[PDB]
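For reference, data.pdb is printed below; it contains PDB, N, CA and C atoms.
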ATOM      1  N   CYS A   1     106.907 115.560  88.550  1.00  0.00           N
ATOM      2  CA  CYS A   1     107.306 115.834  89.925  1.00  0.00           C
ATOM      3  C   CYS A   1     108.289 114.780  90.426  1.00  0.00           C
ATOM      4  N   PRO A   2     109.127 115.167  91.399  1.00  0.00           N
ATOM      5  CA  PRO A   2     110.127 114.271  91.985  1.00  0.00           C
ATOM      6  C   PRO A   2     109.496 113.173  92.833  1.00  0.00           C
ATOM      7  N   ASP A   3     108.589 113.565  93.722  1.00  0.00           N
ATOM      8  CA  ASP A   3     107.911 112.613  94.592  1.00  0.00           C
ATOM      9  C   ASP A   3     106.726 111.971  93.876  1.00  0.00           C
ATOM     10  N   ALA A   4     106.266 110.840  94.402  1.00  0.00           N
ATOM     11  CA  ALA A   4     105.138 110.127  93.813  1.00  0.00           C
ATOM     12  C   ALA A   4     103.830 110.515  94.493  1.00  0.00           C
ATOM     13  N   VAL A   5     103.755 111.757  94.958  1.00  0.00           N
ATOM     14  CA  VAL A   5     102.559 112.253  95.628  1.00  0.00           C
ATOM     15  C   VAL A   5     102.373 113.747  95.387  1.00  0.00           C
ATOM     16  N   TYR A   6     102.105 114.110  94.138  1.00  0.00           N
ATOM     17  CA  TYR A   6     101.907 115.508  93.774  1.00  0.00           C
ATOM     18  C   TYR A   6     100.690 115.668  92.868  1.00  0.00           C
ATOM     19  N   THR A   7      99.613 116.212  93.426  1.00  0.00           N
ATOM     20  CA  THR A   7      98.383 116.421  92.670  1.00  0.00           C
ATOM     21  C   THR A   7      98.505 117.625  91.743  1.00  0.00           C
ATOM     22  N   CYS A   8      98.329 117.389  90.448  1.00  0.00           N
ATOM     23  CA  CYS A   8      98.418 118.454  89.457  1.00  0.00           C
ATOM     24  C   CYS A   8      97.029 118.941  89.054  1.00  0.00           C
ATOM     25  N   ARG A   9      96.983 120.079  88.370  1.00  0.00           N
ATOM     26  CA  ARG A   9      95.718 120.652  87.926  1.00  0.00           C
ATOM     27  C   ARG A   9      94.891 119.620  87.164  1.00  0.00           C
ATOM     28  N   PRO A  10      93.589 119.902  87.009  1.00  0.00           N
ATOM     29  CA  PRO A  10      92.664 119.012  86.302  1.00  0.00           C
ATOM     30  C   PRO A  10      92.934 118.970  84.801  1.00  0.00           C
ATOM     31  N   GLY A  11      93.274 117.787  84.298  1.00  0.00           N
ATOM     32  CA  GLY A  11      93.553 117.636  82.881  1.00  0.00           C
ATOM     33  C   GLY A  11      95.016 117.358  82.605  1.00  0.00           C
ATOM     34  N   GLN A  12      95.873 117.691  83.566  1.00  0.00           N
ATOM     35  CA  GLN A  12      97.308 117.476  83.419  1.00  0.00           C
ATOM     36  C   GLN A  12      97.840 116.579  84.531  1.00  0.00           C
ATOM     37  N   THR A  13      99.121 116.233  84.443  1.00  0.00           N
ATOM     38  CA  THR A  13      99.752 115.378  85.441  1.00  0.00           C
ATOM     39  C   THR A  13     101.216 115.751  85.637  1.00  0.00           C
ATOM     40  N   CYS A  14     101.847 115.146  86.637  1.00  0.00           N
ATOM     41  CA  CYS A  14     103.250 115.413  86.932  1.00  0.00           C
ATOM     42  C   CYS A  14     104.131 115.076  85.733  1.00  0.00           C
ATOM     43  N   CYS A  15     104.740 116.102  85.145  1.00  0.00           N
ATOM     44  CA  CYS A  15     105.609 115.916  83.990  1.00  0.00           C
ATOM     45  C   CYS A  15     107.052 116.280  84.330  1.00  0.00           C
ATOM     46  N   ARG A  16     107.992 115.694  83.597  1.00  0.00           N
ATOM     47  CA  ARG A  16     109.409 115.956  83.822  1.00  0.00           C
ATOM     48  C   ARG A  16     109.992 116.799  82.692  1.00  0.00           C
ATOM     49  N   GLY A  17     110.604 117.923  83.054  1.00  0.00           N
ATOM     50  CA  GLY A  17     111.193 118.801  82.060  1.00  0.00           C
ATOM     51  C   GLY A  17     112.705 118.848  82.151  1.00  0.00           C
ATOM     52  N   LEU A  18     113.336 119.475  81.165  1.00  0.00           N
ATOM     53  CA  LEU A  18     114.791 119.588  81.137  1.00  0.00           C
ATOM     54  C   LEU A  18     115.282 120.566  82.199  1.00  0.00           C
ATOM     55  N   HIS A  19     114.578 121.686  82.336  1.00  0.00           N
ATOM     56  CA  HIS A  19     114.940 122.702  83.318  1.00  0.00           C
ATOM     57  C   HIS A  19     114.517 122.278  84.722  1.00  0.00           C
ATOM     58  N   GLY A  20     113.513 121.410  84.794  1.00  0.00           N
ATOM     59  CA  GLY A  20     113.029 120.940  86.079  1.00  0.00           C
ATOM     60  C   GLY A  20     111.716 120.193  85.967  1.00  0.00           C
ATOM     61  N   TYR A  21     111.098 119.911  87.110  1.00  0.00           N
ATOM     62  CA  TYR A  21     109.830 119.192  87.135  1.00  0.00           C
ATOM     63  C   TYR A  21     108.655 120.154  86.983  1.00  0.00           C
ATOM     64  N   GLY A  22     107.448 119.600  86.929  1.00  0.00           N
ATOM     65  CA  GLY A  22     106.260 120.422  86.785  1.00  0.00           C
ATOM     66  C   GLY A  22     105.125 119.685  86.103  1.00  0.00           C
ATOM     67  N   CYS A  23     103.894 120.077  86.417  1.00  0.00           N
ATOM     68  CA  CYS A  23     102.718 119.447  85.830  1.00  0.00           C
ATOM     69  C   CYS A  23     102.571 119.829  84.360  1.00  0.00           C
ATOM     70  N   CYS A  24     101.927 118.959  83.590  1.00  0.00           N
ATOM     71  CA  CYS A  24     101.719 119.204  82.167  1.00  0.00           C
ATOM     72  C   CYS A  24     100.493 120.082  81.940  1.00  0.00           C
TER      73      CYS A  24
END
Mind turning the file's structure into structure tokens?
Amino acid sequence: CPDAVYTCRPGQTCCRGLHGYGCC
């Protein structure tokens, strides 16, 4: 995620992708 305040689903975290951001 872009911001440092984004809660992701249980077991994953804010990940950075080539097409864009998103939780792992």
- prompt: Could you pull the residues within 12 Å of residue 17 in chain A, counting only C-alpha atoms, minus those fewer than 6 positions along the same chain, as a list in words?
  reply: residues 1, 2, 23 and 24 of chain A
Would you compute the box with edges along x, y and z of the file around range 14-19 of chain A, including every atom the file lists for it and 6 Å extra on each side, and give its centre and edge lengths in Å to one decimal, as AutoDock Vina command-line options?
--center_x 108.6 --center_y 118.9 --center_z 84.0 --size_x 25.4 --size_y 19.6 --size_z 17.8
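We find atom C of residue 7 in chain A and CA of residue 21 in chain A to be spaced 12.3 Å apart.
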